[PDB]
Amino acid sequence: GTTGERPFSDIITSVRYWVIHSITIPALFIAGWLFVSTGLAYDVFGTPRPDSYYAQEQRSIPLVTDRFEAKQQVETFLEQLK
Amino acid sequence: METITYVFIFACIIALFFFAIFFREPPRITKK
Amino acid sequence: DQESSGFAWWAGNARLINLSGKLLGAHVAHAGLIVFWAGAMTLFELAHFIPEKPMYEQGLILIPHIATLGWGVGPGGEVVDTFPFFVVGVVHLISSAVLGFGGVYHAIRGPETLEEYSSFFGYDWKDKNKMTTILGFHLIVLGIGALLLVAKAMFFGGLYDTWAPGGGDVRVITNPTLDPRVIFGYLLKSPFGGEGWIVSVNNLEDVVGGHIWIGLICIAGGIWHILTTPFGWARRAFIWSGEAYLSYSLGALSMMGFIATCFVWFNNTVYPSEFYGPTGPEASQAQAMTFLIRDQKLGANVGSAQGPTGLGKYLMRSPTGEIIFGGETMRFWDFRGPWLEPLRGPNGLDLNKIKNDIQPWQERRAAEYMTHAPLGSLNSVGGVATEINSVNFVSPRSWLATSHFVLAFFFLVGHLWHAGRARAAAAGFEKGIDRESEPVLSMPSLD
Amino acid sequence: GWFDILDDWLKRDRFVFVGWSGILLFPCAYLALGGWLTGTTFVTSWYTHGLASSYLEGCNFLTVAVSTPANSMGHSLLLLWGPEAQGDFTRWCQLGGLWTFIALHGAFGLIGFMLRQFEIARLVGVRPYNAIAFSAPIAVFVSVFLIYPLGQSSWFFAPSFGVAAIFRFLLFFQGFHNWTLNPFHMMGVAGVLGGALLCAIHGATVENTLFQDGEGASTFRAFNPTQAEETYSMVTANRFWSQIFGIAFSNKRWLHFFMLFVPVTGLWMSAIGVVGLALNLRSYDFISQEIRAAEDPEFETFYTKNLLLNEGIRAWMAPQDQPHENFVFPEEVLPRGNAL
Amino acid sequence: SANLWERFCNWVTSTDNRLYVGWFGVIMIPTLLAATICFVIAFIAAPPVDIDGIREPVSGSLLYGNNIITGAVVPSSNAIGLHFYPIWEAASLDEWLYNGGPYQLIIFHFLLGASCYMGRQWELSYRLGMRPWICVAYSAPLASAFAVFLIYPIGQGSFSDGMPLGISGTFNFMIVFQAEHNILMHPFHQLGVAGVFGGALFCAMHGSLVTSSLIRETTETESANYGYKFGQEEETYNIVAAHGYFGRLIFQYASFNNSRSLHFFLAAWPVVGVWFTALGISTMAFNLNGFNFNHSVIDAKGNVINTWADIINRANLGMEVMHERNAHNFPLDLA
Amino acid sequence: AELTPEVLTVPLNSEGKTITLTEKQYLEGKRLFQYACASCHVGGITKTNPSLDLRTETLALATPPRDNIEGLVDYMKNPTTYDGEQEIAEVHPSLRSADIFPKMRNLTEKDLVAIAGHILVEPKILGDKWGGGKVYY
Amino acid sequence: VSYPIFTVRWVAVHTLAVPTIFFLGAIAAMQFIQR
Ligand code: CLA
Ligand code: CLA
Ligand code: CLA
Ligand code: CLA
Ligand code: CLA
Ligand code: CLA
Ligand SMILES: CC1=C(/C=C/C(C)=C/C=C/C(C)=C/C=C/C=C(C)/C=C/C=C(C)/C=C/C2=C(C)CCCC2(C)C)C(C)(C)CCC1
Ligand SMILES: CC1=C(/C=C/C(C)=C/C=C/C(C)=C/C=C/C=C(C)/C=C/C=C(C)/C=C/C2=C(C)CCCC2(C)C)C(C)(C)CCC1
Ligand code: OEX
Ligand SMILES: [Cl-]
Ligand SMILES: [Fe+2]
C-alpha cells in the first residue's frame, strides 16, 4: 500500500513546502497575468485584439481560401489594418 | 403485407416473453 | 459524546435522533436561518428596488409577497410607501439572532437530553401520547396563524385585489365566504383544464373565508390531539419511530411543493400579475388581443377573418361552443383576467364589445403582458431561446415554479428514502440480511 | 543487457506506473490535453471559421473550442513545418494547426493507453477484458474525428474540440444526415442508455441485498477487503427481480460480462453508422413514404414533420456554418411556416 | 375459511407467487393492462389525429401508412389542451379517436401503474427482509416519464405538446424542444448525458474489471461462466487482483477496493445524473431555458463576433421557423 | 475597427446640421434603450407591430421625419402614427404620458437625446441586423 | 522513512500544476479586458 514517494499529506503540511510555494505559486500567477496584460499573448497566437476583427468600413470575414498560399494570404489580411 | 410482418415479429417477441418467464430453467442452489 | 460509533460523518445529523436537547437546538438554529433569509433578502430586494418600475422586472419574490397583503401599494399596484417593506425585512432579520441564539445554545451548552431536565419538554418517539400532543400544539400555532391573515384582511387593512371594481386596488374584505358547500367545494373540483381545483380560486372572499375555516378546523384538531391518543387502526397501520414521522412530513411538503408550483404558475388572484409577471396563458392571450386590436384598426373584420387552416385568425370556438381567441392560444381559453373580462359575454368574447368597447388601458395592458411573457434563459435573457441579448429578464413566476418543483421532487425522493428505511428499521433489517437466518432461504422455490 | 535494465526501470512499481506504453502514452496524452487547454484560452478561429473561440476573445467554458482548419486546407496533416504554416507557429495557430495537433496526438495517446491496459494486465497477470472494452471508445474517436472528415471535403467538417462546437455537430447531423433515423445510431443509444441502466440497477440491487457484517448503519465499513464470503445475497437478488420483473440473473460471471457487452457493442454500432455518414450513405428517407406524400397532399406522419425541420436547419445554418461556400440566401427563398 | 378477506390479503402479500402481485400491484396490474392493450390497438389501427387542433390530422398507425420507425400514438388535440378527455366525454368513438383520445388513456394509466411499479419495488423488498431504496433508483427513469408525459404538458398548457408514443414522434419532441428551449446549453441536460455516458462507461468499467479478474475453475475448452454456481458462499472473482490492476492503470488511491463503496457509486452516478435531466425537462416546462450567449462577444466598434453558440442559434431558428407550419398566426411563439 | 467619433456623427435636424455624440452618451443611450425600449424594440424591431422598425430609412419616410435627433426626441414626447395624422401617446410610452408609463418618469431631456442618438448609431454599426429580425440574427 | 524529493511523481504533478496556475493567472487577467 506504499511506494517510494513522500506522502502528499506530509508535504502539503510541511512548513518548508509553503516557504517555497508562497513564492513559486504566486510567481507563475503574476507571470500568466503579465502574459495577457502586456498584450504578448495576442502576438504569440495571432489572436485579434477587440479592434482587429475587421477594417473600419469592411464587414467581410478574412477567410483563408487556399492551403499552399494561406500564410501569404493571411499576412495580406493583416495588411488592410485588420 | 408490411403491417402483417411488423405485428408478427411483435407477436413473436411477446410469445418469447411468456416462455422466458414461465418456462425458464429453474434456478437451482448449491448443487448445480 | 457522539462519533463514528453511531453513524458516519456524512450521516452525522442522524446521531441526534435520540438527543432531544441537541435535536431541539438544530430545529431552532435552522428556523433562524429561514427567518434570516426572509429578513436579509427583503432588505436586499428593497436596496435594489426601483419604485417607478414593474416588480417582476427587478427579480423580486418577497416584496411582491408583502404587496399582496396590502402593504406599501395602491391603485393598479402602484408602490406608495416602501417603509412596510423595510420593516418586515428588519424585524425578521432581528428575530433571526434571537432564534439563532437559542439554536446555538441548545446544541452546545444546554442539556444534551430533555427527558430529565424537564419531563414536559422531553419526549419519546414511541410515546404516541406525547407525539399527538406536540402535534396538537403546532396544530394550534398554525391555526392562529391562519387567522392572522383573516385579521389583516378584514380589520388591519385588507389585501391587494386585482379584481377590484374600479381597477386593481387594496380592498378590505368584509364578507368572507363561510358557506361550507362553496368552500369545501374547491376540494371536489377537478385538477385538469377548466376546473382547476384549489388553484381555481378567483376572489379574495373565498381566500379569506377559506382561511377562516382552516384556522378553526386546525385549532379544533389541535385540541383534539392534545386530549387523545391514536385509535386502534391508527396504531396498526403506521410505523412509530423518529424517522417514520419525518418521512410522513417529507411527502407532505413534497405534495405542497407541487401545489405551490401550479399556484404561482396559474393563479391570478393570490399571485397578482401586477407584482409578479403575467401568467403563462395570460401572456399568450395578450398577443391574440394585441394583434386583434391592431388589425381591427387597420379595417379588418376580426369576426369573419379566415386563418391559414381556415379556423379563424383572431376568433374561433372552444370545444363547447364558447367564442375564444384564435391561433395556438386556443389551449389557454380557460384564462380569466381583469383586463380581459369586460370584453367577455355570456357566450365568450363578445364581437360587439371587441368591435368598439376596447379601452386604451386594455390595449397597452395586452402589449405589456405580451412583451413580458414568462420566457427566459438561465442567464436571464428574456424571450425565446433564439432571442438576442438586450432585455435582461425572467418572470418571477418562472423562477418560483421551477425552484419549488425541484425541491418538491427531491422531497418526494426524501420521502421514499426515509419511509423505506423506517419500515426496514422497525422490522429490523435496515443494516443487511441476517447471514444465518436468511428469510428467502426459508421460502419454497417458485422456479 | 541495457534493455532489461531499461525494462527494469520502466516496469518499476511507482505511484504513477510508466511502462513501455508510457513512452507513447504520456507524451501524446499530455500534448493533446495541453494543446486543447492552450487553444481554449489563447488561439482564435477567426481566420478559419470567422468565430471567436478563446477566453482571450471573451468566450466562456461552453463557447470555447479548438476549431477545425479551413476547408481550403483539405485533408492536410497541417504540420508546423508543412507547406502551409512553413515553420511559423503563429500562422500555424491561425490556420487551425492545433486541431490536427490535438487529433493526431490524442489518437496515438489512445493507442498508448490501451497498450498500457494490455501491459499492466500482463504484469499483474489479469485478463485483458479491460482492453477489449476500451476498443469501443477508440472506434468512435477514429470513426468520428478521423474517418468521417476523411470522407468529406476536409477536416473542416470534423467535430471541433469544444462544448458548443460539439452541439452544432449534433444539430448538423440531424439537419443534414437525419442521424436519429439511422438504425446503427438507435442501437448506439440502446447500448448507452441500456448500459446506463445496468450500471444503475446493478449497483442499487447490490447495496440493497447486502448481508449484515457490522453493527453500524453505515454498512460501508462492514466490508471485507479480503474476499471470503459474498458481501451481498445473490440468491435474494434473484428471487426479487424474478417476482417484480419476471426475469433475473443467477450467474455473476454472466451478469458482469453482460455489463461489458451491452455498452461496448452499442458504441461499435454507432461507429459503423458514422463510417457510412462519411460517404454520406445516410438513412435519410423512406422511399415508400415520399412517394405517397408527393401524390397525396393529406398524408402526414411524424416522419414527414421531421424532414421539414431538417430543411429549416440546413437553410438557416449553412450560410454561417459553411463560410467557404459564400452562401447568399435571399429572405424570400428561406423556407418558413406561417407567422414565425 | 379462517376469513375470506384475511386469506385474500394473505394471497396478495404472499411471497410464494411467481409474480409478486402486491398491494400496489392491485392498482398496477389493471392500469398497465389497460395502457398496453389500448396502445397496441392504437399503434396498429388508430385513425389520424388532429394533434395541433388546427384540423390537420396526423396518421401514426401501421394500417394507415406507417411503419415501426415512423408509427406513433399521436398526442391529444391542442383544442383540448389540459382538459380531461375520457371516452365518456365524446359524442362517439369516431370523435374520440380524432381528438387524440387514446393518448390520454394510455399516459394516465401508464404513469399511474409505473408509479405503483415503484411502490411494488419497495413492497417485495420489505416482504423479503432486504433493504429498500431499489425503488429509489427506479425513481429517476420514472421521473423522466413524468416530466415528458405530464409535467411539460402542464407547464406548456396542453397535452398536445407531450412527447408522442413512437420512434419518429420522439425525435420530433427533441428537435422542437431544442429550438424553443436550447436544451443542449442547459446544465441539467449536460448532467444528464454525464450520468448516461458515465453510466455506460462505469457499466463497461465494472463489467470488464470483474469478468477479467475471475478465479480459474473452468477448462480451456469450457465456458468460463460455468465456473460459478447459483448460491455460492465465497466470491467468484479476485476483487484484490482487480483493484491491483485498476490501481496501476491510473493510480492506487483513485481506485476502489471496497465493493460496497464501488456499487454505491455505480448506482449513485447514473441515478443522480438522470434525476437532473428529469428536473431539466421539468424546469424548462416553465420556460427557464438554457444559456443564451447570442451576440455576446462583440468587437471594439460594436460588430457582432460569432461563436459556436451563434452557429447553434441558426440551426435552432430553422427548427423554430419550420415547426408546426400552419399553427401560428402571430409573431411570438408563447404557447 | 472601433467606435470612432466619425461613426458617432449623426444628423441633428432636418436642415442637414449634424451632432457628434460621445462614447459616454452612446453607452448611456444604449443602457437607457434597454431600460425603456428593448422590451418591445429589441434589435430595432417592434414586437407589438412588426410592420414598423427603427431603420433610419423607415424613420426618414416617416411623417414628420424621425431620422434625426430632433425628430426622435419629439416622438418620445408626443408620438404619432406613421403619417402623423393621429397622436398615440395613450398607447405608447412618452413624457406627456409618464403617469401611464412609469419608466418615462425618470427620463430627462439628456436621456431623450441619448436614446435618440442610440437609434441612429446602431444601424451605422450593425447594418442590416438593426433593421431585420431573426433572419439576420 | 527517509523519503526523496525529486521523483517521477514530482515531475508529473508539475507538468500539470505549473501550467495550470500560469493559465489561471492569464485567464484572471482577461476578466478586465474591454472595448
Ligand atoms: C426535512 C428535511 C430533511 C431532514 C430533516 C432530513 C434528515 C436526515 N437525513 Mg435526509 N433527505 C431529505 C430531507 C431531509 N433529511 C431529502 C429531501 C432527501 C432527498 C435528496 C434526503 C436524502 C437523504 C439521504 C440519501 C440520507 C439522508 C440522511 C439523513 C439523516 C442524517 C442527516 C445527514 O446525512 O446529514 C448530512 C448532510 C450532508 C452530508 C449535506 C449534504 C449536502 C447536499 C447533498 C448538497 C445540497 C446542495 C446545495 C443546495 C448547494 C450548495 C452550494 C454549495 C457550493 C455551497 C437525517 C435524519 C442520511 C441517513 O442516515 O439516513 C437516515 C442519508 O444517508 N437524507
Ligand atoms: C442546519 C444545519 C445544521 C444544524 C443546525 C446542525 C446541528 C447539529 N449537528 Mg450537524 N451537520 C450538518 C448541519 C447541521 N447540523 C451538516 C450539513 C453536516 C454534514 C457535514 C453535519 C454533520 C454533523 C456531525 C458529523 C455531527 C453533527 C452534530 C450536530 C449537533 C451538535 C453540534 C456540535 O457538535 O457542536 C459543536 C460546535 C462547534 C464545534 C462550534 C461551531 C460553532 C457554532 C455551532 C456555530 C455558531 C453560529 C453563529 C456563527 C453564532 C451566532 C451567535 C449569535 C446568536 C450571538 C447539532 C444539533 C453532532 C451530533 O450528533 O451531536 C452529538 C455530530 O457528531 N453534525
Ligand atoms: C429557492 C428559492 C429561491 C428563488 C425562487 C430565488 C429567485 C431569485 N433570486 Mg435568489 N436566493 C435564494 C433562493 C431563491 N432565489 C437563496 C436561498 C439565497 C441565499 C444564497 C438567494 C440569494 C440571491 C441573491 C444574492 C440574488 C438572488 C436573485 C434572485 C432572482 C434572480 C435569479 C437568478 O439570477 O438566479 C440564477 C441562479 C442560478 C442559475 C443558480 C442555480 C443553482 C442551482 C439550484 C444549483 C443546483 C445544483 C445542485 C444543487 C448540485 C447538487 C448535486 C450534488 C449533490 C451531486 C430570482 C427572483 C438575484 C436578484 O434578486 O437580482 C435580480 C440576486 O442578486 N438570490
Ligand atoms: C422551539 C422553541 C423552544 C423550545 C421548545 C424550548 C424549550 C426549552 N428551553 Mg428554550 N429557548 C428558545 C426556544 C425554545 N426553547 C430560544 C429561541 C431561546 C433563545 C432566547 C431559548 C433560550 C433558552 C434558555 C436560555 C434556556 C432555555 C431552556 C429551555 C428548557 C426549559 C423550558 C424553559 O426554559 O421554558 C421556561 C419558560 C416558559 C415555560 C414560558 C415561556 C413563555 C414565553 C415568555 C412566551 C413565548 C411566546 C411565544 C413566542 C408565542 C406562543 C403563544 C402562542 C401559542 C399564542 C426547554 C427544553 C432552559 C434549559 O436549558 O433548561 C433545561 C434555559 O436555561 N431556553
Ligand atoms: C397536519 C395536521 C394533522 C396531522 C399530522 C394529523 C395526524 C393524525 N390524525 Mg388528525 N386532524 C387534524 C390534523 C392533523 N391530524 C385536524 C385539523 C383535524 C380536525 C378536522 C383532525 C381530526 C382527526 C380525527 C377526528 C382523527 C384524526 C386522527 C389522526 C391520526 C391518524 C390519522 C390517519 O390514520 O389518517 C389516515 C387517513 C386515512 C386512512 C384516510 C385516507 C383518505 C383520505 C382522507 C382521502 C385521500 C387523500 C388524497 C390523496 C388528498 C386529496 C384531497 C381530497 C380533498 C380530494 C394521526 C396521528 C385519528 C386518530 O387517531 O385520533 C387521535 C382520528 O380519528 N385526526
Ligand atoms: C513518442 C512520442 C511522440 C509521437 C509518436 C509524436 C507523433 C507526432 N508528432 Mg509529436 N511531439 C512529441 C512526441 C511525440 N509526437 C513531443 C514530446 C513534443 C514536444 C517537443 C512534440 C511536438 C510536436 C509538434 C510541435 C508537432 C508534432 C507533430 C507530430 C505528428 C507528425 C510528426 C511527424 O511527421 O513525425 C515524423 C516521424 C519521425 C521523425 C520518426 C522518424 C524515426 C526514424 C526511425 C528516424 C530516422 C532518422 C534518419 C535521419 C532518417 C534517414 C533517412 C534518410 C533517407 C534521410 C505525429 C503524430 C506535428 C503535428 O501534430 O502536426 C499536426 C507538429 O507540428 N509533435
Ligand atoms: C448548530 C450547528 C450549526 C448551525 C448553526 C446555525 C444554524 C446558526 C444560526 C445562526 C443565526 C441564525 C444567526 C443569526 C444572526 C443574526 C444577526 C446577528 C442579525 C443582525 C441584525 C442586525 C445587526 C440588524 C441591523 C441592521 C438593520 C436593521 C438594517 C441596516 C443594516 C443592519 C443589518 C446592521 C453548524 C451547521 C454551523 C455546525 C454544527 C452545529
Ligand atoms: C500546444 C503546444 C504545446 C503544448 C503546450 C502545453 C503542453 C501546454 C499545457 C497547458 C496546460 C496544462 C494548461 C492547463 C490549464 C488548466 C486550467 C486552466 C484549469 C482550470 C481549472 C478550473 C477552472 C477548475 C474548475 C473546477 C472544476 C473543473 C471542477 C469543479 C470545481 C472547479 C471550479 C475548481 C507545445 C509547446 C508542446 C508545442 C506547441 C503547441
Ligand atoms: O406545439 Mn409543438 O410547438 Ca411548444 O411551442 Mn408553441 O406550441 Mn407548438 O408552437 Mn412551438
Ligand atoms: Cl413539427
Ligand atoms: Fe458487481
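Quick notes on this one:
- The set of residues in region E:1-39 that are of a type in the set (V, I, T) and loosely packed, with under 14 Cβ neighbours inside 10 Å comprises E:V26, E:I37.
- Search result, residues across region C:1-53 that are among the aromatic types (F, W, Y) and in contact with a helix residue (DSSP H, G or I) (Cβ under 6 Å, 6 or more places away or on another chain): C:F7, C:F36
- Candidates E:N258, E:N294 - the one that is buried (at least 22 other Cβ atoms within 10 Å of the Cβ) and either free of Cβ contacts under 8 Å to residues at least 12 places away in the same chain or more than 23 Å from D:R221 (Cβ to Cβ) (or both): E:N294
- Inside region C:41-58, residues that are away from chain F (no Cβ under 12 Å) and out of contact with any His (no Cβ under 8 Å at 6 or more places or on another chain) make up a count of 8.
- Each residue in region E:198-234 was checked for being within 7 Å of chain D (Cβ to nearest Cβ) and either closer than 20 Å to D:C199 by Cβ or not charged (D, E, K, R) (or both), and 21 of them qualify.
- Considering region E:185-197, the residues that are surrounded by fewer than 24 Cβ atoms within 10 Å (Cβ to Cβ) and hydrophobic (A, V, I, L, M, F, W, C) include one that is farthest from the other protein chains (Cβ to nearest Cβ), namely E:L191.
- For region D:245-261, a residue qualifies if it is crowded, with 21+ Cβ neighbours inside 10 Å and either more than 7 Å from chain E (Cβ to nearest Cβ) or within 16 Å of ligand 8 (Cβ to nearest atom) (or both), and exactly one does: D:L255.
- Among the residues listed as C:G100, C:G110, the single one being away from ligand 8 (no atom under 16 Å from the Cβ) and in a helix (DSSP H, G or I): C:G100
- Residues located in region A:9-54, provided they are over 16 Å from G:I33 (Cα atoms) and in a loop (DSSP other than H, G, I, E, B): A:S14, A:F45, A:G46, A:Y54
- For region C:419-447, a residue qualifies if it is loosely packed, with under 13 Cβ neighbours inside 10 Å and outside any loop (DSSP other than H, G, I, E, B), and the qualifying residues are C:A427, C:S442.
- One residue alone among C:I358, C:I388 is out of contact with any strand residue (DSSP E or B) (no Cβ under 6 Å at 6 or more places or on another chain), free of Cβ contacts under 8 Å to residues at least 60 places away in the same chain, not in a helix (DSSP H, G or I) and not charged (D, E, K, R), and that residue is C:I388.
- Among residues of region C:227-248, those that are among the small types (G, A, S), away from ligand 2 (no atom under 16 Å from the Cβ) and in a helix (DSSP H, G or I), counted: 4
- Test result for C:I212, part of a helix (DSSP H, G or I), hydrophobic (A, V, I, L, M, F, W, C), more than 16 Å from ligand 10 (Cβ to nearest atom) and more than 25 Å from C:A164 (Cα to Cα): no
- Within region E:277-304, tally of residues that are over 22 Å from D:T63 (Cα atoms) and more than 7 Å from every other protein chain (Cβ to nearest Cβ): 3
- Take the conditions (1) part of a helix (DSSP H, G or I); (2) within 15 Å of ligand 4 (Cβ to nearest atom); C:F85 misses just one of them, which is (2).
- Condition met for C:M289 (closer than 19 Å to C:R344 by Cα and either in contact (Cβ under 8 Å) with a residue 24 or more places away in the chain or in the same structural domain as C:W265 (by CATH) (or both)): yes
- Residue, nearest to the chain's Cα centre (by Cα), within region E:261-275, restricted to residues that are away from ligand 8 (no atom under 16 Å from the Cβ) and buried (at least 21 other Cβ atoms within 10 Å of the Cβ): E:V274
- Test for C:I134: is it within 16 Å of ligand 5 (Cβ to nearest atom), β-branched (V, I, T), surrounded by 13 or more Cβ atoms within 10 Å (Cβ to Cβ) and more than 23 Å from the chain's Cα centre (by Cα): yes
- In the set D:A222, D:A278, D:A293, only one residue is of a type in the set (G, A, S), within 16 Å of ligand 1 (Cβ to nearest atom) and more than 7 Å from every other protein chain (Cβ to nearest Cβ); that residue is D:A222.
- Residue check: D:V235 meets all listed conditions (1) surrounded by fewer than 17 Cβ atoms within 10 Å (Cβ to Cβ); (2) part of a helix (DSSP H, G or I) but one, namely (1).
- Those residues of region D:51-86 which are in contact with a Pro (Cβ under 9 Å, 6 or more places away or on another chain) and surrounded by 18 or more Cβ atoms within 10 Å (Cβ to Cβ), in sequence order: D:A52, D:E57, D:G58, D:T68, D:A70, D:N71, D:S76, D:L78, D:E84
- Among the numbered conditions (1) more than 14 Å from chain E (Cβ to nearest Cβ); (2) in contact with a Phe, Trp or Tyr (Cβ under 9 Å, 6 or more places away or on another chain); (3) closer than 30 Å to C:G77 by Cβ; (4) surrounded by fewer than 17 Cβ atoms within 10 Å (Cβ to Cβ), the only one that C:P191 does not meet is (1).
- Residue in region E:254-261 that is more than 30 Å from A:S60 (Cα to Cα), within 7 Å of another protein chain (Cβ to nearest Cβ) and touching a strand residue (DSSP E or B) at 6+ places or on another chain (Cβ under 9 Å) present: yes
- Test for A:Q73: is it over 21 Å from the mean Cα position of the chain (by Cα) and either within 13 Å of chain E (Cβ to nearest Cβ) or in a loop (DSSP other than H, G, I, E, B) (or both): no
- Residue that is farthest from ligand 3 (Cβ to nearest atom), among those in region E:160-176 that are under 16 Å from C:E328 (Cβ atoms) and assigned to a helix (DSSP H, G or I): E:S160
- Pair list, Cβ under 7 Å, 6 or more apart: region A:65-82 residue surrounded by fewer than 14 Cβ atoms within 10 Å (Cβ to Cβ), other residue among the aliphatic types (A, V, I, L, M): A:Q80/A:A55; A:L81/A:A55
- Residues of region A:10-43 that are among the aliphatic types (A, V, I, L, M), out of contact with any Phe, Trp or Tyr (no Cβ under 7 Å at 6 or more places or on another chain) and closer than 23 Å to G:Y3 by Cα: A:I12, A:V15, A:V19, A:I20.
- Test: residue in region A:12-31 that is at positive phi, more than 9 Å from chain G (Cβ to nearest Cβ) and free of Cβ contacts under 8 Å to residues at least 12 places away in the same chain: no
What is reported rests on the model, the rules as stated and the sources as named; nothing here is a laboratory result. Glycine also receives a Cβ, built like all others from the backbone with ideal geometry; neighbour counts cover every protein chain displayed.
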